[PDB]
Amino acid sequence: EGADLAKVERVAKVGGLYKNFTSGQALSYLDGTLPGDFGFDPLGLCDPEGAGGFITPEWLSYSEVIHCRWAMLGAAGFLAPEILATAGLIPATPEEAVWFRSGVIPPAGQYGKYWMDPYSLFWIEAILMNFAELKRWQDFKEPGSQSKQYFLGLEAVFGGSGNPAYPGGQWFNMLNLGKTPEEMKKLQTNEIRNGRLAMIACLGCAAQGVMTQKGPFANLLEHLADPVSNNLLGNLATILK
Amino acid sequence: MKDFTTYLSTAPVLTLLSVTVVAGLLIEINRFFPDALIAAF
Amino acid sequence: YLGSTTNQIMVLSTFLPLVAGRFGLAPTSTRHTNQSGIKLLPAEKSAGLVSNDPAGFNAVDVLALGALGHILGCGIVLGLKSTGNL
Amino acid sequence: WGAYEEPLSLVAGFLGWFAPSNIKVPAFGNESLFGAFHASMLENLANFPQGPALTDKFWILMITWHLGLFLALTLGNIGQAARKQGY
Amino acid sequence: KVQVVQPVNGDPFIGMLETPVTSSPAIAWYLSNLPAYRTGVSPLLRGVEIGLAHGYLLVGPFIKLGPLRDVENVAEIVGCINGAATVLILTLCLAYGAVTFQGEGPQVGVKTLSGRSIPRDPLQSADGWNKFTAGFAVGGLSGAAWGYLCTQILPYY
Amino acid sequence: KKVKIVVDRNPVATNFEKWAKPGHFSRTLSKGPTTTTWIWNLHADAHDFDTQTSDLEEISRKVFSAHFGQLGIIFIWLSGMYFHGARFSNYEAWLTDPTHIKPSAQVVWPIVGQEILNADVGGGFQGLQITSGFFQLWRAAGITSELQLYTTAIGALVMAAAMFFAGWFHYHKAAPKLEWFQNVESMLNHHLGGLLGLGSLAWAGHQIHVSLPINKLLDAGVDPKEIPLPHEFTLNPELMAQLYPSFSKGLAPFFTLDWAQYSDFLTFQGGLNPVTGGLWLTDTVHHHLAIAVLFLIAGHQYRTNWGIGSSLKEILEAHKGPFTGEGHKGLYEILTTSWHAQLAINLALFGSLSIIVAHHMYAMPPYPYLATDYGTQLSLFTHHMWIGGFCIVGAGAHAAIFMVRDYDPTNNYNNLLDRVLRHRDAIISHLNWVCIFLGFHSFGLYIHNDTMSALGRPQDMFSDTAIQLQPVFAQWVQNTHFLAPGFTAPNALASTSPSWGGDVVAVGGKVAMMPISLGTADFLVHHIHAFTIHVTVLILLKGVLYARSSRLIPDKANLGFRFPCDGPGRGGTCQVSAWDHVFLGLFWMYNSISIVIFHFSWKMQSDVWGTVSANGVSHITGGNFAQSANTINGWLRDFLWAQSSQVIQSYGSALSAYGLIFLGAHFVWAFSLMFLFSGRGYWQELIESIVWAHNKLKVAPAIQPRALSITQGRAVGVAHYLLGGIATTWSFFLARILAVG
Ligand code: CLA
Ligand code: CLA
Ligand code: CLA
Ligand code: CLA
Ligand code: CLA
Ligand SMILES: CCCCCCCCCCCCCCCC(=O)OC[C@H](COP(=O)(O)OC[C@@H](O)CO)OC(=O)CCCCCCCCCCCCCCC
Ligand SMILES: CCCCCCCCCCCCCCCC(=O)OC[C@H](COP(=O)(O)OC[C@@H](O)CO)OC(=O)CCCCCCCCCCCCCCC
Ligand SMILES: CC1=C[C@H](O)CC(C)(C)[C@H]1/C=C/C(C)=C/C=C/C(C)=C/C=C/C=C(C)/C=C/C=C(C)/C=C/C1=C(C)C[C@H](O)CC1(C)C
Ligand SMILES: CC1=C(C/C=C(\C)CCC[C@H](C)CCC[C@H](C)CCCC(C)C)C(=O)c2ccccc2C1=O
Ligand code: SF4
């Protein structure tokens with residue numbers, strides 16, 4: 001093989017370390033069409049040859065965008081309560097406003113002051129998410145659907161577009177941001193990069209919570225106070241204490 | 001549905017269901033009328 | 001722990017295989033050995049790997065050489081501290 | 001060789017004349033594998049009159065030393081006759 | 001690159017192969033120097049040698065394992081037992097010779113591995129087997145007799 | 001080139017159209033059931049995917065889906081085991097008294113007086129005594145409660161559903177292509193490190209955070225309902241540190257290469273735990289961690305999508321010497337295109353592994369309160385022995401199948417396979433001679449001892465009192481292992497097993513393990529085992545080597561792998577195919593395994609199992625093996641007749657079932673003789689007369705009744721013979737061990 005020179009040139013223009021991890025196999029299908037395409041695929045999962053089931057370029061790209069958005073929401077939700085509590089804006093102590101102590105994991109702590117118990121909340125959550133996710137999936141299977149059957153008049157904004165990850169109709173794109181194709185591509189790149197950073201941040205928050213038993217903001221402040229001592233290597237002695 | 005009912009009508013399926021029904025009937029007869037050594041009418 | 005004998009041995013035992021494989025002294029993802037195992041063959045680029053290093057030292061080479069160096073260093077350190085030295 | 005067709009070349013004497021150079025190295029405990037084997041051979045009778053009893057130190061020492069010597073002999077013969085492992 | 005396994009006498013369509021066990025120089029020499037593979041030696045002498053060796057090696061088993069092994073007179077009893085065994089295998093040889101050699105037929109020739117024509121072994125004949133059988137009796141009985149003498153002599157034993 | 005996931009979308013539609021058409025997979029079963037032979041042929045070729053299609057891709061897909069279905073079935077079985085242990089068992093009560101309460105996990109309904117089978121096991125519970133060892137396994141895992149068993153059962157049901165869905169998905173939705181299955185390098189790399197290595201590491205982690213604390217508290221003596229829950233130990237280094245002080249340092253010693261600090265829970269002691277009688281859980285944790293690291297390292301040798309790695313084909317083709325001509329060339333093509341060759345290799349090693357497992361498990365009891373449970377020990381040993389023997393016979397069968405169908409002379413020229421096939425006569429003749437020599441010098445010794453004993457000459461027998469046949473080699477190896485600690489294993493505190501020698505390990509008044517002395521009887525039985533194994537190997541190897549051709553039949557390969565014969569010509573060619581060789585090998589394997597299990601049972605009941613009364617060890621049979629196992633009469637009287645009184649006197653008690661099966665099995669076995677000594681012609685003519693009787697009353701069926709084929713007759717006879725014999729031994733063993741254990 002020995003790469004293709006011209007194909008590698010595109011990845012080289014991306015900058016950073018996007019070149020030391022690219023390969024000739026990945027460059028055969030990663031031509032930069034999709035936003036965030038930096039030629040990274042050492043395992044060749046998005047190879048269109050022999051694709052099927054859930055291992056397809058369309059499904060994988062859609063899943064990556066969905067994960068990006070969910071991770072951005074998760075990271076913002078992981079940092080907002082602790083930051084607001086550390087400043088005294090909300091009537092919750094910083095150790096009680098941690099994300100893993102809200103009630104998601106009762107053994108790790110739970111907030112027993114909600115308007116109703118977490119299990120019933122999950123029941124309502126399951127019904128609502130079932131509706132939303134099932135409609136989104138049916139739209140992915142049949143793009144023209146979801147806008148034909150009556151749905152209290154909301155079906156008028158479920159027409160979608162060609163790309164399942166970017167419906168952006170009357171509701172999903174209220175402000176009509178990114179009117180030109182180039183601007184939309186740039187904004188999509190921003191969204192993909194932010195979502196990837198949020199995914200990495202969410203995984204880091206989970207790891208830190210398991211190893212430090214504290215919140216992300218608390219970990220950042222303690223690391224800033226003493227970086228040489230408060231770090232991964234310095235916290236190996238006490239991981240679940 | 002027709003193919004499923006046709007499969008259920010095959011010799012092995014029907015044989016196992018018939019044997020199971022007969023065995024169940026005999027077991028319940030012996031459960032409600034146990035130790036029937038002779039035909040006492 | 002930093003700057004100790006164990007740290008020095010681990011760092012050296014991990015970095016040496018990396019420099020060896022980069023200067024054509026240890027097998028990598030481009031240069032392999034024949035059936036004998038002691039004769040390095042010319043670099044072959046059939047794997048399609050790409051890297052910015054002038055000699056072609058890819059990332060897979062870093063992972064493989066680092067893993068081997070870590071295994072050797074761990075064994076050396078354990079043998080040294082389990083025998084009286086170190 | 002003079003007789004047979006034995007591929008055991010005369011130049012291959014390094015097998016049996018080099019294995020002791022490595023088996024004589026001390027192993028911390030006792031004094032050395034070959035040293036202990038030779039001492040047992042010269043002490044627990046000259047491996048001919050009476051006997052090494054049942055399961056003695058001499059038995060394990062002899063078995064281990066012969067195991068190493070035989071493996072070195074055969075592997076070296078294979079390697080030498082294979083010409084840098086040309087097979 | 002050497003192939004130690006070759007077809008028998010280069011012919012690959014004969015039910016036999018040449019291996020370092022069958023075509024080994026030392027093995028071939030030792031096997032060829034046995035009294036059984038002597039086409040030019042009288043069958044009687046070869047039979048005497050074979051009988052002597054067999055009779056001598058046949059005493060030991062009964063000496064150390066016979067029913068009367070725990071008695072001082074075990075050597076004599078065993079000498080007699082070996083004599084009986086030799087006589088039995090003697091009648092076996094005679095029966096085999098009388099059944100095998102009873103007719104004549106224009107058999108095919110015999111050649112060596114190189115291709116040199118050689119006559120058939122005289123042992124494979126009516127008179128050849130009889131002479132070999134007679135020598136086996138004298139040698140077999142002598143071997144058993146010598147087995148008893150070795151027990152009495154032999155300072156080590 | 002380049003390992004990747006290649007899959008075909010929706011290849012087979014999901015419907016019941018073919019469910020209503022039996023015999024759709026076979027082309028020869030399309031003319032309908034004209035005779036009753038069609039019904040048997042429908043089941044005899046259901047899983048013979050090689051005949052249903054000529055495409056290797058479809059065969060591979062069928063095998064993959066069948067594997068998923070088998071996994072689902074195994075998961076259902078596991079779920080049932082856990083559910084029964086959680087709802088119809090006395091596990092909770094057994095935990096408080098594991099030395100007196102007999103494990104039970106089955107309860108029968110009262111219908112026809114069968115409620116007598118609900119034995120008084122203990123702990124206010126009535127049920128059937130189980131010998132699977134599940135209670136010991138659960139205790140070693142720290143289950144403690146019944147809710148955990150129920151949760152495991154539900155999880156197993158979910159896993160079974162997932163397995164079935166996976167099979168359906170991979171056969172009807174996303175079916176992998178042939179090139180995906182032929183990735184032996186990737187498959188080996190994932191099965192070595194990702195499967196074995198990762199599984200061992202995960203089990204070690206569970207043992208460290210769940211098994212070690214719970215079991216330590218149980219051994220020290222604490223009520224099971226008072227021990228902290230597993231999560232309280234897995235997520236609290238303070239309590240776990242209270243139990244294991246090395247944990248106060250966290251993970252720092254592991255990353256600083258100061259592993260010695262972890263010596264409290266990562267020991268290399270040896271022997272068995274004197275409280276429970278099993279292996280030290282810390283030693284097992286250390287073992288699993290070491291093997292996990294080894295497997296993970298081994299899972300990085302084969303080359304895949306990168307330059308690094310080795311090539312199986314390159315390694316195989318590079319191993320050739322002067323005595324093997326071409327060498328291993330062509331083996332890679334055989335193992336990457338023939339499923340039968342892989343099945344043969346896997347079955348052989350799999351059965352051998354099962355046998356090794358049986359040996360290592362009785363020698364070194366790995367679970368707590370397992371050695372003192374004689375019933376469980378004997379049952380596990382015998383079960384694994386039978387599984388291993390069956391798998392080995394199957395390996396020989398599939399080797400013959402490959403040699404008949406997938407063999408190709410153009411691809412195997414002057415290689416190992418060709419050279420082996422070119423001198424099969426020498427191999428078979430030498431194996432036949434060694435089998436005869438072993439049979440003589442092994443069975444004739446027993447016959448000689450019997451004759452001497454009957455003649456009033458015990459001084460002429462091959463016993464420890466007269467002509468001794470001491471196994472000096474085995475005794476030397478045993479003593480070497482006994483002296484290993486502190487010498488050839490300085491970091492070992494004790495030997496691997498107490499059988500090598502030493503003191504007696506007894507738990508709850510019963511001997512858990514003790515030195516096993518080897519004498520003349522052991523020498524004789526070991527040579528008997530060698531002889532039987534050699535004969536079985538001779539039969540299987542002869543079938544595999546002559547499956548293609550032979551001097552009698554030069555075109556045996558054309559007739560196929562499974563055919564009855566080649567007519568009565570040439571004197572007779574009955575049972576000349578490879579299938580028949582497997583048919584005979586099954587009988588010989590049964591004989592070998594039967595003698596092996598008999599030897600194990602008698603040896604453990606006479607020199608190991610027993611009770612300690614501060615004055616010595618009172619074995620179950622009093623040690624009569626060392627003085628009676630040298631004759632056949634001793635085996636018939638002191639073992640078969642003496643130990644059978646437990647099964648023939650079980651009527652009217654809880655073990656009555658064992659007394660019933662014991663007889664039933666005897667029937668099935670004898671029943672097999674009808675199919676083994678008969679022929680097809682007799683039954684066909686008898687069926688002709690019965691058919692005439694049916695026609696006389698207008699009740700003859702259109703599906704013309706036919707006698708079972710010659711091959712089917714042999715298969716039925718062998719199946720019934722082994723079922724009857726194995727079930728007889730099973731009933732005898734279980735009744736005897738449950739009545740005196
Ligand atoms: C056990 C054997 C097995 C094997 C060899 C395969 C092999 C394959 N599967 Mg499959 N599968 C299996 C079992 C198996 N599967 C089971 C039991 C299920 C039911 C749950 C499925 C359901 C399934 C679906 C729905 C799909 C596949 C697909 C595929 C193909 C691509 C998968 C891939 O590599 O992408 C990547 C693999 C992953 C992303 C897996 C990561 C997520 C899992 C949950 C990781 C956890 C596993 C680990 C053991 C958990 C440990 C415990 C944890 C606490 C650490 C591939 C050929 C895909 C396909 O058709 O490709 C064309 C596809 O869509 N499989
Ligand atoms: C920084 C992260 C980020 C970025 C750069 C983008 C970018 C984009 N998104 Mg996306 N989105 C995100 C996060 C992000 N999103 C998250 C976390 C979710 C989960 C809720 C979504 C869910 C989502 C959907 C469902 C859709 C998009 C769409 C789009 C595209 C439309 C243009 C646009 O609105 O620009 C984005 C502008 C910004 C990111 C700047 C706003 C930043 C502030 C803090 C947000 C404040 C919002 C607040 C609730 C306003 C309330 C009142 C308001 C209505 C006036 C664009 C490329 C649509 C599309 O594909 O068009 C075809 C579309 O269908 N997004
Ligand atoms: C409801 C779901 C469903 C349906 C409708 C089908 C339908 C079909 N399948 Mg399919 N399949 C399924 C699920 C399903 N399958 C699952 C879950 C798997 C994974 C195991 C498979 C794997 C599979 C393979 C590999 C193949 C098919 C094939 C077929 C086609 C014909 C074969 C057939 O069904 O004969 C009828 C089958 C039965 C009536 C049942 C089979 C016997 C069961 C599995 C035994 C279970 C053991 C049970 C415990 C008893 C053993 C112990 C007992 C003695 C007590 C057919 C259209 C074949 C095909 O395409 O034809 C060329 C093909 O080869 N299937
Ligand atoms: C780390 C990766 C991995 C793992 C864990 C496995 C594990 C397994 N493989 Mg698999 N395989 C892999 C990679 C892997 N494989 C790859 C890369 C290939 C392509 C070269 C294959 C091709 C392959 C074939 C052709 C077959 C298997 C089979 C099996 C099963 C053997 C049954 C057994 O004895 O184990 C013990 C059983 C268990 C532990 C049951 C638990 C199962 C859990 C869920 C493990 C599932 C792992 C799976 C790979 C996760 C990804 C699936 C995801 C997409 C949902 C086993 C569960 C055989 C089989 O039985 O088919 C199913 C078989 O036929 N594999
Ligand atoms: C992983 C193990 C494995 C696998 C996958 C296979 C797979 C296969 N084998 Mg094989 N085999 C195995 C192990 C295995 N075998 C073992 C261990 C043996 C030694 C006994 C054999 C001996 C063997 C022979 C002799 C033959 C095969 C054949 C075959 C092929 C056709 C099977 C078929 O559909 O027949 C039909 C399957 C059945 C009729 C199932 C019947 C189950 C038996 C008869 C009942 C046993 C009773 C059971 C224990 C429960 C008793 C309770 C009862 C009272 C209800 C097939 C590819 C045949 C072939 O032609 O190869 C191409 C062939 O003739 N095998
Ligand atoms: C097994 C589990 C592990 C999962 C691994 C598989 C996931 C693969 C993800 C790898 C990334 C792929 C290639 C990215 C390629 C890539 O890097 O992209 C470049 C990266 C992202 O920048 P952009 O995407 O904006 O690049 C465009 C511009 O850079 C143009 O020049 O920029 C960086 O340099 C940040 C990365 C620094 C790395 C952060 C680590 C900081 C920690 C330092 C710690 C010091 C001490 C360490 C002691 C321990
Ligand atoms: C008691 C031992 C248990 C094993 C049973 C031994 C009986 C089997 C005898 C059959 C021999 C058939 C000859 C095949 C002839 C044959 O295969 O051709 C010769 C064979 C071929 O080697 P090549 O030079 O072709 O090597 C290239 C290979 O990569 C390709 O095969 O080399 C051998 O000598 C194999 C060794 C056979 C001898 C095995 C005995 C090993 C001794 C093990 C002793 C264990 C106990 C003592 C340990 C201290
Ligand atoms: C690229 C590539 C290529 C090659 O070839 C292959 C491979 C290697 C495979 C690759 C890679 C991959 C990766 C890296 C992955 C990763 C991922 C992640 C991390 C995700 C996350 C992701 C993440 C996520 C989603 C997350 C999310 C989150 C969330 C929702 C949260 C939520 C919450 C909140 C708010 C708060 C509260 O209190 C709690 C809760 C309720 C909990
Ligand atoms: C009895 C006998 C028959 C006759 C047996 C026949 C025809 C089989 C009869 C089967 C009947 C039709 C079913 C009986 C059902 C039983 C109650 C249970 C059978 C188990 C099945 C479910 C597998 C042969 O055909 C034969 C052929 C070759 C050698 C020996 C023999 C042989 O001994
Ligand atoms: S008796 Fe039966 S198996 Fe034997 S040759 Fe005749 S038909 Fe064939």
# chains A, B, ... in the order shown; residues from 1 in each chain; ligands from 1

call {"tool": "interface_residues", "arguments": {"of": "chain C", "to": "chain A", "cutoff": "8 Å", "atoms": "only C-alpha atoms", "output": "MDAnalysis selection string"}}
result
chainID C and resid 45:52 58:59

call {"tool": "write_last_selection", "arguments": {"atoms": "C-alpha atoms", "output": "PDB file, in the first residue's frame"}}
result
ATOM      1  CA  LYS C  45       4.907  -0.517   3.486  1.00  0.00           C
ATOM      2  CA  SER C  46       2.054  -2.914   2.710  1.00  0.00           C
ATOM      3  CA  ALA C  47       0.210  -2.160   5.970  1.00  0.00           C
ATOM      4  CA  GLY C  48      -0.773   1.349   4.844  1.00  0.00           C
ATOM      5  CA  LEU C  49       0.332   3.008   8.082  1.00  0.00           C
ATOM      6  CA  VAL C  50       1.256   6.696   8.009  1.00  0.00           C
ATOM      7  CA  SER C  51       3.382   8.793  10.354  1.00  0.00           C
ATOM      8  CA  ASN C  52       5.192  12.122  10.373  1.00  0.00           C
ATOM      9  CA  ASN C  58       4.453   4.732  13.093  1.00  0.00           C
ATOM     10  CA  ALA C  59       2.279   4.740  16.212  1.00  0.00           C
TER      11      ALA C  59
END

call {"tool": "closest_atom_pairs", "arguments": {"of": "chain A", "to": "ligand 6", "cutoff": "12 Å", "atoms": "only C-alpha atoms and all ligand atoms", "output": "JSON lines"}}
result
{"residue": "A:11", "atom": "CA", "partner": "ligand 6", "partner_atom_place_in_ligand_line": "27 (C)", "distance": 10.2}
{"residue": "A:12", "atom": "CA", "partner": "ligand 6", "partner_atom_place_in_ligand_line": "31 (O)", "distance": 9.0}
{"residue": "A:13", "atom": "CA", "partner": "ligand 6", "partner_atom_place_in_ligand_line": "30 (C)", "distance": 7.7}
{"residue": "A:14", "atom": "CA", "partner": "ligand 6", "partner_atom_place_in_ligand_line": "30 (C)", "distance": 5.5}
{"residue": "A:15", "atom": "CA", "partner": "ligand 6", "partner_atom_place_in_ligand_line": "31 (O)", "distance": 3.4}
{"residue": "A:16", "atom": "CA", "partner": "ligand 6", "partner_atom_place_in_ligand_line": "29 (O)", "distance": 3.7}
{"residue": "A:17", "atom": "CA", "partner": "ligand 6", "partner_atom_place_in_ligand_line": "15 (C)", "distance": 4.3}
{"residue": "A:18", "atom": "CA", "partner": "ligand 6", "partner_atom_place_in_ligand_line": "15 (C)", "distance": 4.7}
{"residue": "A:19", "atom": "CA", "partner": "ligand 6", "partner_atom_place_in_ligand_line": "15 (C)", "distance": 7.8}
{"residue": "A:20", "atom": "CA", "partner": "ligand 6", "partner_atom_place_in_ligand_line": "13 (C)", "distance": 7.9}
{"residue": "A:21", "atom": "CA", "partner": "ligand 6", "partner_atom_place_in_ligand_line": "13 (C)", "distance": 6.0}
{"residue": "A:22", "atom": "CA", "partner": "ligand 6", "partner_atom_place_in_ligand_line": "13 (C)", "distance": 8.5}
{"residue": "A:23", "atom": "CA", "partner": "ligand 6", "partner_atom_place_in_ligand_line": "13 (C)", "distance": 12.0}
{"residue": "A:35", "atom": "CA", "partner": "ligand 6", "partner_atom_place_in_ligand_line": "24 (O)", "distance": 11.8}
{"residue": "A:36", "atom": "CA", "partner": "ligand 6", "partner_atom_place_in_ligand_line": "24 (O)", "distance": 8.4}
{"residue": "A:37", "atom": "CA", "partner": "ligand 6", "partner_atom_place_in_ligand_line": "24 (O)", "distance": 10.1}
{"residue": "A:38", "atom": "CA", "partner": "ligand 6", "partner_atom_place_in_ligand_line": "24 (O)", "distance": 8.0}
{"residue": "A:39", "atom": "CA", "partner": "ligand 6", "partner_atom_place_in_ligand_line": "13 (C)", "distance": 9.1}
{"residue": "A:40", "atom": "CA", "partner": "ligand 6", "partner_atom_place_in_ligand_line": "12 (C)", "distance": 6.5}
{"residue": "A:41", "atom": "CA", "partner": "ligand 6", "partner_atom_place_in_ligand_line": "12 (C)", "distance": 8.7}
{"residue": "A:42", "atom": "CA", "partner": "ligand 6", "partner_atom_place_in_ligand_line": "8 (C)", "distance": 9.0}
{"residue": "A:43", "atom": "CA", "partner": "ligand 6", "partner_atom_place_in_ligand_line": "6 (C)", "distance": 10.2}
{"residue": "A:189", "atom": "CA", "partner": "ligand 6", "partner_atom_place_in_ligand_line": "24 (O)", "distance": 9.8}
{"residue": "A:190", "atom": "CA", "partner": "ligand 6", "partner_atom_place_in_ligand_line": "25 (O)", "distance": 9.6}
{"residue": "A:192", "atom": "CA", "partner": "ligand 6", "partner_atom_place_in_ligand_line": "24 (O)", "distance": 9.9}
{"residue": "A:193", "atom": "CA", "partner": "ligand 6", "partner_atom_place_in_ligand_line": "24 (O)", "distance": 6.9}
{"residue": "A:194", "atom": "CA", "partner": "ligand 6", "partner_atom_place_in_ligand_line": "24 (O)", "distance": 9.9}
{"residue": "A:195", "atom": "CA", "partner": "ligand 6", "partner_atom_place_in_ligand_line": "24 (O)", "distance": 11.7}
{"residue": "A:196", "atom": "CA", "partner": "ligand 6", "partner_atom_place_in_ligand_line": "24 (O)", "distance": 9.6}
{"residue": "A:197", "atom": "CA", "partner": "ligand 6", "partner_atom_place_in_ligand_line": "21 (C)", "distance": 9.2}
{"residue": "A:199", "atom": "CA", "partner": "ligand 6", "partner_atom_place_in_ligand_line": "9 (C)", "distance": 11.3}
{"residue": "A:200", "atom": "CA", "partner": "ligand 6", "partner_atom_place_in_ligand_line": "9 (C)", "distance": 9.3}
{"residue": "A:201", "atom": "CA", "partner": "ligand 6", "partner_atom_place_in_ligand_line": "39 (C)", "distance": 11.6}
{"residue": "A:203", "atom": "CA", "partner": "ligand 6", "partner_atom_place_in_ligand_line": "4 (C)", "distance": 11.0}
{"residue": "A:204", "atom": "CA", "partner": "ligand 6", "partner_atom_place_in_ligand_line": "42 (C)", "distance": 11.8}
{"residue": "A:227", "atom": "CA", "partner": "ligand 6", "partner_atom_place_in_ligand_line": "46 (C)", "distance": 11.9}
{"residue": "A:228", "atom": "CA", "partner": "ligand 6", "partner_atom_place_in_ligand_line": "46 (C)", "distance": 11.4}
{"residue": "A:231", "atom": "CA", "partner": "ligand 6", "partner_atom_place_in_ligand_line": "49 (C)", "distance": 9.9}
{"residue": "A:232", "atom": "CA", "partner": "ligand 6", "partner_atom_place_in_ligand_line": "49 (C)", "distance": 8.0}
{"residue": "A:233", "atom": "CA", "partner": "ligand 6", "partner_atom_place_in_ligand_line": "49 (C)", "distance": 8.2}
{"residue": "A:234", "atom": "CA", "partner": "ligand 6", "partner_atom_place_in_ligand_line": "49 (C)", "distance": 11.7}

call {"tool": "residues_around", "arguments": {"residues": "residue 139 (chain E)", "least_positions_apart": "2", "cutoff": "6 Å", "atoms": "only C-alpha atoms", "output": "ChimeraX atom specification"}}
result
/E:48,51-52,135-137,141-143

call {"tool": "write_last_selection", "arguments": {"atoms": "N, CA and C atoms", "output": "tab-separated table (two decimals), in the first residue's frame"}}
result
chain	number	residue	atom	x	y	z
E	48	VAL	N	23.62	-74.69	14.38
E	48	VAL	CA	24.29	-74.96	15.65
E	48	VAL	C	24.48	-73.67	16.43
E	51	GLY	N	21.05	-72.42	17.68
E	51	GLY	CA	20.59	-73.24	18.77
E	51	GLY	C	21.37	-72.99	20.05
E	52	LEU	N	22.68	-72.80	19.93
E	52	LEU	CA	23.49	-72.54	21.11
E	52	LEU	C	23.04	-71.26	21.80
E	135	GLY	N	21.32	-79.27	13.36
E	135	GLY	CA	22.29	-78.44	14.06
E	135	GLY	C	21.65	-77.69	15.21
E	136	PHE	N	20.39	-77.29	15.04
E	136	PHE	CA	19.69	-76.57	16.10
E	136	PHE	C	19.48	-77.45	17.31
E	137	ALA	N	19.28	-78.76	17.10
E	137	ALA	CA	19.09	-79.67	18.22
E	137	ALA	C	20.37	-79.82	19.03
E	141	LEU	N	20.57	-78.11	22.68
E	141	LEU	CA	20.81	-78.91	23.87
E	141	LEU	C	22.13	-78.53	24.53
E	142	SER	N	23.14	-78.21	23.72
E	142	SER	CA	24.43	-77.80	24.27
E	142	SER	C	24.30	-76.46	24.98
E	143	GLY	N	23.51	-75.54	24.42
E	143	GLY	CA	23.33	-74.25	25.06
E	143	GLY	C	22.67	-74.38	26.42

call {"tool": "interface_residues", "arguments": {"of": "chain D", "to": "chain F", "cutoff": "9 Å", "atoms": "only C-alpha atoms", "output": "JSON, numbers by chain"}}
result
{"D": [29, 54, 55, 56, 59, 60, 78, 82, 86, 87]}

call {"tool": "residues_near_ligand", "arguments": {"ligand": "ligand 4", "cutoff": "6 Å", "atoms": "only C-alpha atoms and all ligand atoms", "output": "count of residues only"}}
result
11

call {"tool": "select_by_dssp", "arguments": {"residues": "region 32-123 of chain F", "states": "helix (DSSP H, G or I)", "output": "ChimeraX atom specification"}}
result
/F:37-44,49-52,56-87,91-96,114-117

call {"tool": "atom_distance", "arguments": {"atom1": "CA of residue 236 (chain A)", "atom2": "CA of residue 250 (chain F)"}}
result
6.4 Å

call {"tool": "interface_residues", "arguments": {"of": "chain C", "to": "chain D", "cutoff": "12 Å", "atoms": "only C-alpha atoms", "output": "MDAnalysis selection string"}}
result
chainID C and resid 34:39 83:84

call {"tool": "write_last_selection", "arguments": {"atoms": "C-alpha atoms", "output": "PDB file, in the first residue's frame"}}
result
ATOM      1  CA  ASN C  34      12.914 -13.822   7.652  1.00  0.00           C
ATOM      2  CA  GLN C  35      12.267 -17.368   8.855  1.00  0.00           C
ATOM      3  CA  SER C  36      15.591 -17.229  10.724  1.00  0.00           C
ATOM      4  CA  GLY C  37      14.486 -14.345  12.949  1.00  0.00           C
ATOM      5  CA  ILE C  38      17.934 -12.722  13.181  1.00  0.00           C
ATOM      6  CA  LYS C  39      18.038 -10.982   9.773  1.00  0.00           C
ATOM      7  CA  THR C  83      16.987 -11.586  44.438  1.00  0.00           C
ATOM      8  CA  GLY C  84      18.494  -9.046  46.881  1.00  0.00           C
TER       9      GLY C  84
END
